[PDB]
Q: 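Dropping the structure in here first, questions after.
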Amino acid sequence: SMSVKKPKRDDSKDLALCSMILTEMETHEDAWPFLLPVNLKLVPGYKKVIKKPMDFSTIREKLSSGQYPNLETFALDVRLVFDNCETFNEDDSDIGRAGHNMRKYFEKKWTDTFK
């Protein structure tokens, strides 16, 4: 509260560390559904159904331009990528499986780097 603060958690490396995680996600072999924004002209249904599209390239640009205020807003956008993928894709599809794998991969790197 006013003039009463918990001890300061060192956040000075968070930008670098989120960038490293994102690089690892970009280079995973199952990243291909997620590298670029879904083409809203060419994928019927996507525009209406997926209210907040997100992809790794969009996260990379937000990251590089100071549009994440803190490491939690960065994790929210990564998870949005996977939540969108589960909304639109069957679990038993190449893309559906890619999304589960990537979410797993991310959540481990997240825990190991920050928790």
Side-chain angles (χ1 to χ4, degrees), residues 1-7 9-12 14-114:
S1 74
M2 199 186 328
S3 309
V4 183
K5 285 305 158 335
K6 296 205 184 52
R9 192 212 156 243
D10 184 9
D11 66 345
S12 60
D14 289 357
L15 186 59
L17 287 160
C18 290
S19 177
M20 286 174 48
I21 294 167
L22 182 55
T23 295
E24 293 160 2
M25 278 195 308
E26 288 162 338
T27 62
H28 191 297
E29 65 164 290
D30 301 337
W32 58 267
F34 314 114
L35 296 177
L36 299 179
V38 172
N39 187 332
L40 298 181
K41 301 164 193 305
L42 302 186
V43 176
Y46 207 83
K47 195 172 199 297
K48 187 65 180 276
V49 172
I50 300 296
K51 301 307 180 181
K52 292 176 68 182
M54 186 54 56
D55 69 286
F56 296 167
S57 81
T58 298
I59 298 169
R60 172 68 74 193
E61 184 59 40
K62 289 182 61 170
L63 194 61
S64 294
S65 62
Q67 292 187 64
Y68 293 113
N70 55 57
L71 87 169
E72 301 305 334
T73 59
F74 167 81
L76 284 170
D77 266 354
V78 176
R79 291 169 181 146
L80 175 65
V81 172
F82 308 124
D83 293 348
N84 290 343
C85 180
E86 279 196 52
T87 294
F88 210 79
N89 294 267
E90 279 293 337
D91 299 344
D92 191 5
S93 60
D94 297 275
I95 291 168
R97 283 187 281 283
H100 289 294
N101 289 351
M102 293 303 310
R103 181 196 297 274
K104 189 86 175 176
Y105 190 72
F106 168 67
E107 289 307 344
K108 168 108 158 73
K109 302 279 182 181
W110 190 252
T111 294
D112 293 354
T113 303
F114 294 115

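One-based numbering along the sequence shown.
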Q: Mind checking the CG-CH2 spacing from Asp94 to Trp32? Nearest 0.5 Å is all I need.
A: 5.5 Å
Q: In Å and rounded to the nearest 0.5 Å, what is the NZ to SG distance from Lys109 to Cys18?
A: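 So the gap between those two atoms works out to 13.5 Å.
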Q: Determine whether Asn84 and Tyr46 make a side-chain contact, defined as any pair of heavy atoms from C-beta on separated by less than 4.5 Å.
A: yes
Q: Looking only at atom types and distance, does a side-chain atom of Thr111 sit under 3.5 Å from a main-chain N or O of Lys108, one as donor and one as acceptor?
A: no
Q: Do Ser1 side-chain atoms and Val4 backbone N/O form a donor-acceptor pair below 3.5 Å?
A: no
Q: Hey, does the side chain of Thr58 reach the backbone of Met54 with a donor-acceptor pair shorter than 3.5 angstrom?
A: no
Q: Find the distance between CD1 (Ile59) and CG (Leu80) and round it off to the nearest 0.5 Å.
A: 7.5 Å
Q: On a heavy-atom basis, which atom in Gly99 and which in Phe82 lie closest, and how many Å separate them?
A: O-CD2, 3.9 Å
Q: State, with a plain yes or no, whether a side-chain heavy atom of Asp83 is found less than 4.5 Å away from one of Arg103.
A: yes
Q: How close do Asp91 and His100 get, counting heavy atoms only, and between which atoms?
A: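 That closest heavy-atom pairing would be OD1-NE2, 3.1 Å.
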Q: Quick check: is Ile95 connected to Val43 through a chain of hydrophobic side chains (ILVMFWY, heavy atoms under 4.5 Å apart)?
A: no
Q: Please name the pair of heavy atoms, one in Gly96 and one in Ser93, separated by the smallest distance, quoted to 0.1 Å.
A: N-OG, 3.0 Å
Q: With rounding to the nearest 0.5 Å, note down the distance linking CD in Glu24 to OG1 in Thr113.
A: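 The distance works out to 7.0 Å.
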Q: Are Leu40 and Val49 grouped together when hydrophobic residues (ILVMFWY) are joined by side-chain heavy atoms under 4.5 angstrom apart?
A: yes
Q: Any sub-3.5 Å donor-acceptor pair from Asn70's side-chain atoms to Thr73's backbone N or O?
A: yes
Q: Measuring from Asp55:CG to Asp77:CG, what's the distance to the nearest 0.5 Å?
A: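 Answer for the CG-CG pair, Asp55 versus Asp77, is 9.5 Å.
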Q: Which heavy atom of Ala31 sits nearest to which heavy atom of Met102, and what is that distance?
A: N-SD, 3.9 Å
Q: Would you say CD of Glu86 has more than 12 non-hydrogen atoms from neighbouring residues, nucleotides or ligands within 6.0 angstrom?
A: yes
Q: Could you check whether any side-chain heavy atom of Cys85 comes within less than 4.5 Å of a side-chain heavy atom of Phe34, counting everything from C-beta outward?
A: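 They are in contact (side-chain heavy atoms under 4.5 Å apart), so the answer is yes.
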Q: Can you find a heavy atom in the side chain of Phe56 that is under 4.5 Å from one in the side chain of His28?
A: no
Q: Do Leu17 and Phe114 make a side-chain contact, defined as non-hydrogen atoms from C-beta onward lying under 4.5 Å apart?
A: yes
Q: If we count only N and O atoms by modelled type, under 3.5 Å, do the side chains of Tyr68 and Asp14 hold a donor and an acceptor together?
A: no
Q: Taking the side chain as C-beta and beyond, is there a heavy-atom pair between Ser19 and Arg60 under 4.5 Å?
A: yes
Q: Transitively linked via ILVMFWY side-chain contacts under 4.5 Å: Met20 with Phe74?
A: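 Not linked; separate clusters.
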Q: Start with the C-alpha distance between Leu71 and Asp11, add both sets of side-chain angles, then the distance that settles side-chain contact (heavy atoms from CB on, under 4.5 Å), and finish with yes or no.
A: CA-CA 9 Å; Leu71 87 169; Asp11 66 345; over 6 Å; no
Q: Minimum heavy-atom separation for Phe88 to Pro44, with atom names?
A: CZ-O, 3.4 Å
Q: Report the distance from atom NZ of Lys62 to atom CG of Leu22, rounding to the nearest 0.5 Å.
A: 12.0 Å
Q: With a 6.0 Å cut-off (strictly less than), is the heavy-atom count around CG of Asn39, excluding the residue itself, greater than 12?
A: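 Yes - once you tally the heavy atoms of other residues, nucleotides and ligands closer than 6.0 Å, there are more than 12.
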Q: Is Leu76 linked to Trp110 within one hydrophobic cluster, defined over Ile, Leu, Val, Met, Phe, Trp and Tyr using a side-chain heavy-atom separation of less than 4.5 Å?
A: no
